[PDB]
Number of protein chains: 4
Amino acid sequence: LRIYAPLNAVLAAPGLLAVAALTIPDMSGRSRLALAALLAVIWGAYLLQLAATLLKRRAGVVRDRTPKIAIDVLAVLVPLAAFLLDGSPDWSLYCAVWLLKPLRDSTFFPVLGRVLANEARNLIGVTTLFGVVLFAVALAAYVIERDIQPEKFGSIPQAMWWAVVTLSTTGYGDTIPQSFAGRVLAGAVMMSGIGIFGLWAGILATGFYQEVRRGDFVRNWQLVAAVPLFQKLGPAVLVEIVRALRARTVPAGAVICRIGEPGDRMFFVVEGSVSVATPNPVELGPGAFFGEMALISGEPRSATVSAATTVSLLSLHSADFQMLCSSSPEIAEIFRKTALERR
Amino acid sequence: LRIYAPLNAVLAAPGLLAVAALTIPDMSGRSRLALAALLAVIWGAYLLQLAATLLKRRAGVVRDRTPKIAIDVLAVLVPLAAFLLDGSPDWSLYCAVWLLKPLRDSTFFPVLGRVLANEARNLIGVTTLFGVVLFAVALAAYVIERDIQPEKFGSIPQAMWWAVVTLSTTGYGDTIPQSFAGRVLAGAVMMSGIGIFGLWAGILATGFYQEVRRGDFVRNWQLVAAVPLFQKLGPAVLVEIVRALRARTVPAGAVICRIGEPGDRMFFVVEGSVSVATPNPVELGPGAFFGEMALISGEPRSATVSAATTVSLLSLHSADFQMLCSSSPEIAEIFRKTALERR
Amino acid sequence: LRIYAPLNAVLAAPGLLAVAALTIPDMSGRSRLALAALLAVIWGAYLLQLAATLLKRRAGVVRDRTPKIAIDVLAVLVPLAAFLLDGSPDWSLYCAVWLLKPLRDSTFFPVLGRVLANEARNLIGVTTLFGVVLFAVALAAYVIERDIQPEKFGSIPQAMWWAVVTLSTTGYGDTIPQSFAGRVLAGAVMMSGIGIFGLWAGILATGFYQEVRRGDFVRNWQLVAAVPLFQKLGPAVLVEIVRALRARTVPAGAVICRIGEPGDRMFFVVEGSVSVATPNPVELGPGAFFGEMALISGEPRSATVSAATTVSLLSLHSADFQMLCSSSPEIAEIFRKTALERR
Amino acid sequence: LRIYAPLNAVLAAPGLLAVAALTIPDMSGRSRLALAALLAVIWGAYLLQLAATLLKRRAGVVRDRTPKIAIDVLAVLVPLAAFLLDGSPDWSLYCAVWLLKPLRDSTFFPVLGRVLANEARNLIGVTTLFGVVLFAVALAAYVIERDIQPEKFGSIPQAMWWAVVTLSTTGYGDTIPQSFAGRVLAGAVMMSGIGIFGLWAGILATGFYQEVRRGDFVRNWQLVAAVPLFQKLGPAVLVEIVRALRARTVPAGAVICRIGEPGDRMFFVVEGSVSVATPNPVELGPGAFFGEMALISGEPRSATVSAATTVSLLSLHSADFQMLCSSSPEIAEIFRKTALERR
Ligand SMILES: [K+]
Ligand SMILES: [K+]
């Protein structure tokens, strides 16, 4: 459960959608006027936020903002530009820029700079290769049907379009090769689809792997640091655990694990506190662990564990947990007894 | 060989299909009445099953059912609602809900709960990014062709449809850019398909991996526990073997390994018993192993080994088997001699 | 280079294609008769081969053929059945069965039996789930547009067809949703493609991995056995090398490594012999290794190494080679001196 | 940042594009003449380059070129052939061959020779199976609709085209099965899309993995060698680091890491030198390392580090860095103090 946990992400989305509702031709005066003024108000809310950021050079503990401020700058300045420069009806186009804000929430863009950054001698090379296949296809298609269909295969651009249709396996159905050689050639084109199709995917494979891997220094190094338990484990041991550990922040008054809900892992608390729906309500603070009972005996959730407040939790798999227990029998002993304490 | 192994899975399917046959317009009086009454009978069968579950809070050994009961409840109550409230012909729609039942047999949903559960700060961000890309394309396409085709590109929704067609690589062929800039733009869209296309796939990569991984605590920890052989092996050693071990339940009188069929692995028996088609018919119970002869000597199946009854088997790869043998020479010695025993 | 190495594979192919040339309607008497008679002759050649296999239960080295014989049986009996039963022109359809021969050459079916065999409690579950989504889409699409287009959406199967078109991202262009609800629904359908799309691919990921892995017992256990060099290395060490080692057979008089071609790996000879184009032509037999010079000094191929005859070779990567050298300094010393011998 | 880093790659591309600009039918006298002459000049530039290469058999440090020269030979000779033999307007087709030049800049073709080289006994087998499935569909589709649509399903090649459309999930929309059996069959065809579609992708999975892996002998062995730091680490330790290490060449006067930009890794310098925007400008030569401060304390880039000149850099991830530090506490000590030196 994730309700009110991300206050900033939740509010922006409706504003983003309003841009589309407005952009409809032949709309009545009553709706269009209201919607148009709304963007000005949304723009103003962002404008207010900007002043706080522009004016303020303090963040508290740790933060860095050069690439990020620029995104914010473009987002607010553009709507302003359209409003002032354009007295005309079509300035709503400029309001599209809010699309950029979602870039900020995600892990991938800062990481991508780097994904793109260390593997592009090969990555660009593959895309350039792609341009080549497309061009070759345009040439091959043009030569075969130019006499029969001056209208359809009249020019290279027309043939290239057919390739666009065929190449990504979209196909329109408006243009087809009447001739035998043409269909056989298509058989080769159909096969070339194999190489092309693979391209779309190999790229994401690396970006996503690295993106998850990065959470390891913050969430699995600094975050783990909170749990004193991890101190006895070796550097080599930690990395395996580090890839394994995962993170979320559960909102207050919500339930992390329902009572009796199958429990095949345990949760560690980094920040915030949780409450255990037990004979003796137990509040767990940072560095604490729960649901270990579930692993030691194999039974579901011991108690409904509810995050009293927004709390950051780490989870350990039964496979991983066993590794912890074998490494440190004394620690395993601690979980067994602590578990008794929870129930 | 899987025949009568899953008694519940086999029966539900015909009922599921019948919902579609009924939903055909302009059907004759004779057939439609009969098929319509069938749903009431199937509904009743489920109703009977529900009473057993609702009424009974007892199971056998260990079981947990909160998320699951709700599914069953919705599946039966809805058909009821349609039958009573609606005397009208179109109540067959309500019978669709049986599609929910298949969710229950699979490993994916409870695990998915977790897959979605610990990786969605990034996952949602990706989908949100996607909504944005679709929107940008709608705007871009509309601006270029509005004057030429008021009929086709007259409005954003119309442009958005083209994007739907192009984006997933489906393409209808009823709409196409007539202008040079439009086709060039399509070239970027064609490329943007690369990122989009990857989205569909990255998500499944993690869920499926985790789903197989999960079988490890039950099938590869508790299940292995049955074989006394695994006790010597270290915690570190077990995980590699654990990922490697796989499971099924072979039904009675069926053949697990046809005699002379190639034997490149061995089978371990957790539950049930098996029979070996040899000079001395041998019945193997839980914790027992067979086919080892095949591995020690490299030979095909020693005997037709048939499951006398429904039996749960674990199998070990030749690569993995060697690891077992190297770790414990005495165990390797045992398998060689046991193997003599089987033949 | 692969030319005459696979004699059986080369010959079957032309015959396989001939089935299609014959099937074309309104062909002249002169050509059609000739092609028709050819199948009878090809059938006869296979018939001769069958008698050899049926009559003979001898192999002379080690072999197993129950599942395989059945394929051969069906392939020959069917053409026979059509020839005798049908004096009619359309018996060429029966000749299609030769397509089964290709299954025999490949690694995948015997393995697939097994891939399907230990993972289907989950794989079937996913496919059945897929049927459910398809059905749900048919229902949702039908209800929305039945009044407007009784001709297009008049029935469930008409709607189902649209689903087939949309679902695999094929899209014909003939049918589209005019209504607002329909296009928005399409947005969900567009997203549902994510799950559908990954399905096609997740399955192949497992079979192909396993298929390559399997060559390890034959090629990387028994095959390695030939090289005395591998004897010193530990069971744990061998598996890493075993995944790494790869195999082919290079035909006689051909070049394995053209002289001065880059040499970033070395080759081991299991069967057959090779010749080294050097000051002292050197013939290497089984258990021998070459191109080690290339790794020790980093230089390209030392000499043109050509297989005098059909030879089976294993190759070791530079990363892997270093591991071999670090494990056994004495062995590394041997490769350096042997290398001097080659040059 | 990559600007003037690749001088040869940058210039060739415009020439490649001009081939398409010329090939447009019904163009004016003024433009077509000029563009046509440009190819002759570009051809001449390449001709000039070839003479240097043909004439010169010496490079500098270390090089090889048999397969590569042939590519260059074909590229230059063909345009010449068209120029001399063809006085006619359509000799621009011959200019397409420049597409080959991009093959040279990439990792994949030499590696592909090898990817194709050790795994094609299986890869060809997969494709052959594919050709067969296509044929089976042609036969199946023809038989069902031949009487109803003699014009559409009149012949096998007409049916085969439908298969081309359906199989790659392109679909034109011009041809559809009217009959019930045909649509049901399509459901199986739709599902067969699972296997086919995955084909396009499994191939790239291995080539790409190997392609990145190869950079390890040059970049991660030779690159490792420049840094004296890597000498202490064990052979087993190096491979994990080797896969992890990545490379690029940042051009002169550009910024490697912007000041204050986040610093979650460090950079090692193999060739060239860098300058640190610090109190005491520091120039780092080969074997040197920077950004370690960022890792030791976790803070962003210490100083703007700019490559004074074209410089080749290696980077170490925080997870990997910790491994380095744990293996050699004294080295960790060195980085902490060196880091102080940088700031
Ligand atoms: K399509
Ligand atoms: K189409």
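Structure determination for this PDB entry is given in the record as electron crystallography, at a resolution of 7.00 Å.

In the annotation of the PDB entry, chain A is listed under the name CYCLIC NUCLEOTIDE-GATED POTASSIUM CHANNEL MLL3241 and assigned to Mesorhizobium loti. Here the PDB entry title reads "The electron crystallography structure of the cAMP-free potassium channel MloK1". In UniProt, chain A has this text filed under Sequence similarities: "Belongs to the potassium channel family."

> Got a sec to walk through the overall build of chain A? Specific residues and values, please.
When helices and strands are counted, chain A shows 11 helices and eight strands. Considered along the principal axes of its C-alpha atoms, chain A spans approximately 85 × 55 × 40 Å. Looking at chain A as a whole, 46% of its 343 residues qualify as buried. Within chain A, contacts between residues separated by at least 24 positions form 71% of all contacts whose residues are at least 6 apart in sequence. One way to put it: in chain A the 30 positive side-chain charges average out to a point 5 Å from where the 24 negative ones average out.

> Break down the interface of chain B and chain D for me, citing the residues and quoting the values.
Facing the five residues of chain B at the interface are five residues of chain D. Taking both sides of the interface into account, the surface hidden between chain B and chain D amounts to around 240 Å²; carbon and sulfur atoms contribute 30%. Counting across the interface, chain B meets chain D through zero salt bridges. Taken together, chain B and chain D are joined by zero residue pairs in polar contact.

> How would you sum up the interface of chain D and chain A? Please name residues and give values.
Much of the literature gives interface size as the accessible area that the parts lose upon coming together. Of the residues lining the interface, 53 residues belong to chain D; the matching set on chain A comes to 51 residues. When the buried surface of chain D facing chain A is broken down by residue, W161, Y172 and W200 of chain D rank first, second and third, together holding 16% of it. Taking the shortest distance from any N to any O, the salt bridge between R213 of chain A and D320 of chain D comes out at 3.6 Å. Inspection of the chain D/chain A interface yields 11 residue pairs in polar contact. Counting residues per element, the ones that place at least two in the side of chain D that touches chain A are α1 (7-22), α4 (101-105), α5 (108-145), α6 (156-167), α7 (180-226), β1 (246-250), β8 (311-317) and α10 (318-327) of chain D. When residues in the side of chain D that touches chain A are grouped by element, the largest group, nine residues, is from α7 of chain D. In terms of residue class, the side of chain D that touches chain A is made up of 28 nonpolar, 15 polar and 10 charged.

> Just give me the short version of the relation of the copies chain D and chain A, but keep the residues and values in it.
When chain D is fitted onto chain A, the two copies agree to an RMSD of 0.2 Å after a turn of 90 degrees and an axial shift of 0.0 Å. What the superposition gives is, in effect, a four-fold axis relating one chain to the other. Identified as the residue of chain D closest to the rotation axis by C-alpha distance is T170 of chain D, at 3.1 Å. Comparing interface residues between copies, only 17% of those in chain D also lie at the interface in chain A; the contact surfaces differ.

> So what about the sheet that holds β8 of chain D? Which residues, and what values?
All names here are of chain D. Pairing is antiparallel across the open sheet formed by four strands, whose spatial order is β1-β8-β3-β6. Taken across any chain shown, the strands that pair with only one partner, and hence form the sheet edges, are β1 and β6 (288-290). Put simply, the sheet's adjacent strands are angled 30 degrees from each other on average, direction ignored. As defined by bridge partners, β1 adjoins β8 across five bridges and the pair is classed as antiparallel. Bridge pairing in β8 links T249 to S312.

> Let's hear about the coordination of the potassium ion (ligand 2): which residues, and what values?
Each angle at a metal carrying four tetrahedral donors should ideally be 109.5 degrees, and each at a metal carrying six octahedral donors should ideally be 90 or 180 degrees. Within the protein, the atoms that donate to the potassium ion (ligand 2) are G171 of chain A (O), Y172 of chain A (O), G171 of chain B (O), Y172 of chain B (O), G171 of chain C (O), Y172 of chain C (O), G171 of chain D (O) and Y172 of chain D (O), at distances of 2.5 to 2.8 Å. Taken as a pair, the potassium ion (ligand 2) and the potassium ion (ligand 1) lie 5.9 Å from each other. Taken together, the residues span two chains, with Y172 of chain B in the loop between α6 (156-167) and α7 (180-225) and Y172 of chain C in the loop between α6 (156-167) and α7 (180-225). For the pair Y172 of chain B and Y172 of chain C, a shared accessibility class is recorded, and that class is buried.

> I'd like to hear about the UniProt feature "intramembrane region" in chain A, residue by residue, with values.
Following the UniProt record, one finds the feature "intramembrane region" at residues 156-174 of chain A. Split by type, residues 156-174 of chain A is 63% helix and 0% strand. Its first and last C-alpha atoms lie 17 Å apart.

> Can you explain the relation of the copies chain B and chain D? Please cite residues and give values.
Superposition of the two copies of the chain requires a rotation about an axis together with a shift along that axis. The two copies are related by a screw operation: chain B maps onto chain D through 180 degrees of rotation and 0.0 Å of translation along the axis, at an RMSD of 0.2 Å. Such a combination of rotation and displacement between the chain copies is what one expects of a two-fold axis. Residues of chain B ranked by C-alpha distance from the rotation axis are headed by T170 of chain B, positioned 3.1 Å from it.

> Lay out the environment of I42 of chain C with the relevant residues and their values.
Residues and elements named next belong to chain C. Secondary-structure assignment places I42 in helix α2 (residues 29-55). Looking at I42, the relative accessible area reads 14%, which means it is buried. For the pair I42 and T53, spaced 11 residues apart in sequence, the C-alpha to C-alpha distance is 17 Å. Those residues in contact with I42, other than ones at most four positions away along the chain, are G15 and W98.

> Tell me about the domain arrangement of chain A, residues and numbers included.
Partitioning chain A into domains gives domain 1 (7-105), domain 2 (110-211) and domain 3 (228-342). One C-alpha centre belongs to domain 1 of chain A, the other to domain 2 of chain A; they are set 37 Å apart.

> Which residues make up a nonpolar patch on the surface, and what values do they have?
Residue and element names in this part refer to chain A. On the surface, a nonpolar cluster with roughly 500 Å² of combined accessible area is contributed by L1, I3, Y4 and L7. Secondary-structure assignment places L7 in helix α1 (residues 7-22). The exposure class assigned to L7 is exposed, which follows from its relative accessible area of 59%.

> Help me get a handle on unusual backbone geometry, residues and values and all.
All names here are of chain B. One non-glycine residue, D26, lies in positive phi territory at about 60 degrees. Tracing the chain through its elements places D26 in the loop between α1 (7-22) and α2 (29-55). Among the residues examined, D26 registers a relative accessible area of 81% and is labelled exposed.

> So what's going on with helix α8 (residues 235-244) of chain B? Which residues, and what values?
All names here are of chain B. Looking only at α8, the buried set comprises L238, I241, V242 and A244. The arc enclosing the buried residues of α8, seen along the axis, measures out at 155 degrees, which places them on a common side. Exposed positions of α8 whose direction lies more than 90 degrees from the buried face are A236 and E240. Taken together, the buried residues of α8 touch α7, β1 (246-250), β8 (311-317) and α10 (318-327).

Calculation notes
- Shown numbers run from 1 along every chain as its sequence is written, which may differ from how the entry numbers residues; residues without coordinates are omitted from display.
- Numbering of ligands from 1 and lettering of chains from A proceed in the order in which they are written.
- As a rule here, side-chain values cover all heavy atoms of the structure and leave hydrogens and water aside.
- UniProt positions are given in the numbering used here, feature names are shortened, and annotations may be inferred rather than shown by experiment.
- By the criteria applied, helices consist of DSSP H or I runs no shorter than four residues and strands consist of E runs no shorter than two, each listed in order from the N terminus.
- For the exposure calls, accessible area comes from a 1.4 Å probe over protein chains only, and a residue counts as buried if that area is under 20% of its type's maximum, exposed if over 50%, partly exposed in between.
- When checking whether two residues touch, look at their non-hydrogen atoms; a contact exists if any pair is within 4.5 Å.
- For the purpose of counting charges, residues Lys and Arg are taken to be positive, whereas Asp and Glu are taken to be negative. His and the chain ends are not included.
- In plain terms, the charge of a residue is placed at NZ if it is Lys, CZ if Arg, CG if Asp and CD if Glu.
- Summed over both partners, the accessible surface that disappears when two parts come together, traced with a 1.4 Å probe, is what is meant by buried area.
- Note on definitions: salt bridges are taken to be side-chain nitrogens of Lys or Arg within 4 Å of carboxyl oxygens of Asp or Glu.
- Polar contacts, as counted here, are pairs of nitrogen or oxygen atoms within 3.5 Å of one another; within protein the pair requires one atom able to donate a hydrogen and one able to accept it, and residues that are adjacent in sequence qualify only if both atoms are side-chain atoms.
- Polarity classes work like this: nonpolar for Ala, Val, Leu, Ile, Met, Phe, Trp, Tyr, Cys and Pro, charged for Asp, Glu, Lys and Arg, and polar for all others, with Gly in that last group.
- Copies are aligned with a least-squares fit on their C-alpha atoms.
- We treat two strands as partners when DSSP finds at least two bridges between them.
- Fitted lines through C-alpha atoms give the axes, limited to the stretch in contact for helices. The angle between two N-to-C directions lies from 0 to 180 degrees.
- Any nitrogen, oxygen or sulfur atom within 2.8 Å of a metal ion counts as a donor, with the limit raised to 3.2 Å for Na, K and Ca, and since water is left out, coordination shells can look unfinished.
- Domain start and end points were adopted from an automatic or database domain assignment.
- Exposure above 30% relative accessible area and the absence of a salt bridge qualify a residue for a patch, where like charges join within 9 Å and nonpolar side chains (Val, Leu, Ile, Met, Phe, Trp, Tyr) within 5 Å.
- Each accessible area value is a Shrake-Rupley result obtained with a 1.4 Å probe; residue values ignore everything except the protein chains displayed when judging cover.
- The arc in question is traced by the directions running from the helix axis to the C-beta atoms.

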